[PDB]
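Sequences listed follow chains C and E, in order. Per PDB author numbering: the first sequence = residues 156 to 197, 404 to 463. Per PDB author numbering: the second sequence = residues 151 to 224, 527 to 598.
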Amino acid sequence: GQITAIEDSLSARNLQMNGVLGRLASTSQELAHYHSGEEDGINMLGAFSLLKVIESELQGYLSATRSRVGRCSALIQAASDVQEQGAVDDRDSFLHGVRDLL
Amino acid sequence: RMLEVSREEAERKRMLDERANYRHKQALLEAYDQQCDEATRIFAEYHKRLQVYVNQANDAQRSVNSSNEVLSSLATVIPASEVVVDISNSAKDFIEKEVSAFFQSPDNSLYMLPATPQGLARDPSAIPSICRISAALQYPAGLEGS
């Protein structure tokens, strides 16, 4: 139940950042421009300060992709409990080895 | 009268050992939400406009700066070319996070359930709860558990 709720917030944030994948270049020079006119008539704060966060954002992103190594850690419990029947019967096949004592 | 089935035991490891450390998964979910939060962190003060550039400022605020904010201008070049591509990298790392989170966010929260039955999780040690304590546990999985 809580697995879908977080994914719903993820999917919502995934679908409301749909355009930003190709619309994030708007700040490449507007961040520069929307200071340029005012200072030189006769915005850098967001540009400078955010550079610190990206390193923290990257590290947070690092854990997002580092967990992809652990992507096969949880769902296997239900999967391993069924697909391993070849070895499951094998361990109980030596059980059958005991019974046919002749 | 072998009517005992240890599938409860296989789930006894599963039923509530997840809640005994219910906050292990939330630490990882914080890490998964960190990229969401850090993207929200970098979309806070100046990229607050991006929350409405996606909807309303799409065709207005992008192009006015390229002329008006430089016609008024002609100390405004250095940090824009360094952070925005990193922000664009964040968006690139966000859609791939979302693809990952569509297949990883369930993992960390679920994996606390097999915390105690990590043997049942791992391949080389699920057999005991599928073969060894299973001569009655395999009754519900009668076709599987021969």
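Heads up, the beta-carbon is just placed ideally off N, CA and C, and yes, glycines get one too.
Distance CB(residue i)-CB(residue j) smaller than 8 Å
i         : j         : result
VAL155(E) : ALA588(E) : yes
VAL414(C) : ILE192(E) : yes
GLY192(C) : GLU195(E) : no
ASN404(C) : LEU186(C) : yes
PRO566(E) : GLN157(C) : no
Residue closest to residue i, alpha-carbon to alpha-carbon, out of the options
i         : options                                    : result
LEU179(E) : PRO580(E), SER552(E), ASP575(E)            : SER552(E)
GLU161(E) : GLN556(E), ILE192(E), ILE582(E), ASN205(E) : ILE582(E)
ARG199(E) : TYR189(C), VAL414(C), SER441(C), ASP450(C) : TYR189(C)
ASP442(C) : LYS163(E), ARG169(E), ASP575(E), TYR182(E) : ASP575(E)
Local conformation of residue i per DSSP, three classes
i         : result
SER191(C) : helix
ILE585(E) : helix
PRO580(E) : helix
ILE161(C) : helix
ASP575(E) : helix
Cβ of residue i within 8 Å of any chain E Cβ
i         : result
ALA180(C) : yes
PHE409(C) : yes
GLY447(C) : no
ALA167(C) : no
Cutoff 8 Å: residue i Cβ touching any chain C Cβ
i         : result
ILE539(E) : yes
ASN171(E) : no
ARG191(E) : yes
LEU166(E) : no
*Cβ contact (3+ pairs, closer than 8 Å) linking the region 527 to 538 of chain E and the region 441 to 449 of chain C*: Contact fails: fewer than three Cβ-Cβ distances are below 8 Å.
*asked:* With a threshold of 8 Å, are at least 3 pairs of Cβ atoms found where one atom belongs to the region 158 to 166 of chain C and the other to the region 546 to 561 of chain E?
replied: Cβ pair count under 8 Å is three or more, so yes.
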